[PDB]
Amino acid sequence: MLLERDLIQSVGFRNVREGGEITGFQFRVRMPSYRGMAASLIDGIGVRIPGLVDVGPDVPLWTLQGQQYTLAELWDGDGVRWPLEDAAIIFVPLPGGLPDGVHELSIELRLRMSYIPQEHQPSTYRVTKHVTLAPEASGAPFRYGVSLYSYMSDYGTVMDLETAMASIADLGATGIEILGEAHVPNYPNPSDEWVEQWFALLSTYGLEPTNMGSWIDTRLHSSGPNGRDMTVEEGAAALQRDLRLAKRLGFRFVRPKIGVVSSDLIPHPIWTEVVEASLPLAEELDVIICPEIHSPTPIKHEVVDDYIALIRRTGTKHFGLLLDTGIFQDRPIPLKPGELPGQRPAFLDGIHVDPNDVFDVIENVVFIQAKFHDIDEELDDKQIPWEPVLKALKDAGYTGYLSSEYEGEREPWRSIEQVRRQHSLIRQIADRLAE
C-alpha cells in the first residue's frame, strides 16, 4: 500500500479504545530516511497538538511489525525493524482521547545514523500537519460511503485500490462507490484474479460496494466521415453490460451517465427505450438504475419529471434518482488565476437548489453523491451548505448512503484530507440534528 508524501499520514489518525474506553490516540508516520532500519536506532518522537497534547520524545509507544513497544524497549530490542514499506504507528496515551475534528499535529522525530558524526546526531525531523481524526460522531440515520471519484488524478499516480479502501475503512465508512471504466482494470473484462482480490479487499476493510458509475456515450462515433449516432440497441447492450458487471462485483446501484443534447443536459432521445429495454435485467439482477441529477439541472426540471414519469409508467422499483449535492451549492467555486468574470458557465457559482425540493421526490431518491469542493481546518465547507441539506434530507426520511465525491483542486494527496474532513463534518452535523 502506498504512503502519503507528508511524513504525518492522514490515514490512521484515530482514537484508540480498549474494552470500550478511550485510552489515547494514534497516528501513522512514514519513515523519512532513505531506508528502513533497526528499531533500536529510533530515538523517539515528540508530539504536540496545541492545547490538547504536549509530550516529550520518550512517551509515545511504537507499533512496529505487529507489536507495540515503549522507547525504552526499542532501545534494548534486537531484530525489530521500522521497515521502509510500513508507516510507524505512534500511540499517544490520552484517556478520553481527542475530540472530533481537524488537529494541527506537530512531531519531532529522532533517528540515529551511525555513519553521521556525533556532532550532528541524532537526525531530527520536525514537521506539522493539519490532520482529520477518524470521526467519533455516529452520523445516524445516514449511511456513509466514498466514491473513488473523490481520488481522481491521485488514483493511479499516488494511490492504488488497496490504499484507497484502507483510507475509506479508516473513516468509518462502509460503502465504496466506483466508476466502472475508471477503476476496473481491463474493463470490461476484469481478470478472475482481480475479482477474487476485489472481494478479499472488501472483506478485509469491511466495505460493501454501493454505486458503480457507468456511461451511455451517445457520441461514440460522432467524428469523421462515417459518423453515426448511437442506436437504441447499442445503448441498452452497453447499459446491460454495465448492469452485469455491477452485479458481478456486488454493486446495488448503477448510474448511467447519458449523452446530452442541450445546455441544461437533456439526455439523448434514445435514453427512454435504452432504460426500458434494460429494466428486466436490473430487476433480475437486483440492481437499481439511478441516473444522476447534477448541476445545472435542478430538482424541478423536465428531466426529473421524465425520470419520475418512467417510474410511474413502468411500475418498476429498480429505477430511482441519484442526487448530486452540488445542486445545493450556494457559493461560487473559486476563480483560478488569470480567469475573469463571465468566462465560465453560470452554474459554477451555484444553482442554490432549495433542499426542501427533495420532499416531493424523496421516495425515488435511492442514493446520494456527497459532492463538495473545499473544507478548511475548521471544517467549514466553502460551497455546499451542509446543515440545511442534511436537515431536509433527514426530515424527509432519507436513510441511504452519502457517497463522497470530492471535486476540488486535484493537488496530489489533497483529496485524502478533504474526504476525511467531509466525513467528520457531515457526521457531526447529523448528530446535532438528532437533538
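Position 1 is the first residue in the sequence shown; the rest follow in order.
- With 132 to 140 and 266 to 274 compared on mean CA B-factor from the PDB entry, the stretch scoring higher is 266 to 274.
- Averaged over Cα atoms, the B-factor as recorded in the entry is higher for 354 to 362 than for the other of 81 to 89 and 354 to 362.
- Of the candidates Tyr187, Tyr205, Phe251, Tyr125, the PDB record gives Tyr125 the highest C-alpha temperature factor.
- The maximum CA B-factor among the listed residues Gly408, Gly51, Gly36, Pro60, taken from the PDB record, is found at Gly51.
- In the PDB entry, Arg28 places in the lowest third of its chain by CA B-factor.
- Sort the modelled residues of the chain by CA B factor and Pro95 lands in the highest third.
- Among all modelled residues in its chain, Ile8 ranks in the lowest third by Cα B-factor.
- Per the deposited record, the Cα B-factor of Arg420 falls in the lowest third when ranked against the other modelled residues of its chain.
- Per the deposited record, the Cα B-factor of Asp324 falls in the middle third when ranked against the other modelled residues of its chain.
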